[PDB]
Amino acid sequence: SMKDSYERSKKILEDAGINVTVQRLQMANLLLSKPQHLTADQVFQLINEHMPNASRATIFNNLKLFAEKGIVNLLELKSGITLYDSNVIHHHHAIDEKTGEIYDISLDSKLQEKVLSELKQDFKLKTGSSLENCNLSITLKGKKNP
């Protein structure tokens, strides 16, 4: 429902302490409707298709605000490109090298903690220092067949 989507985007912006505007409500709805990973230009293309009178600058400033407030997450790929991820729950990524397509993937918590622990021990062995308040990010790159 159109009443529901407005109420849902209003709460997302308010919970994050973002001042509500029509453009921000539309952007929250368009970006957070489905799990996706978009460059700044792809965000502009998406928003521009639904709101052709919104300026590139205003869309870019809202996108930066959304990333600062954690309603989208910044994802950098090994090339310098920055992607805006609409899935904010902790997850990893598989990339199909044939198409460049990105898939969200998760790791079982026990296994993830074993990886995090072994890597912290190897860091300590190699540097003599401990790594504190750690987060783990994994990328699996391969060729999707078919």
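Start at 1 with the first residue shown and count on from there.
Checked against the record, the higher mean CA B factor of 34-42 and 116-124 lies with 34-42. Comparing 102-110 with 52-60, the higher mean C-alpha B-factor in the PDB entry belongs to 52-60.
When the Cα B-factors of 27, 81, 67, 94 are read from the PDB record, 81 comes out highest. When the CA B factors of the chain's modelled residues are split into thirds, the value for residue 137 lands in the lowest one. Per the deposited record, the Cα B-factor of residue 22 falls in the lowest third when ranked against the other modelled residues of its chain.
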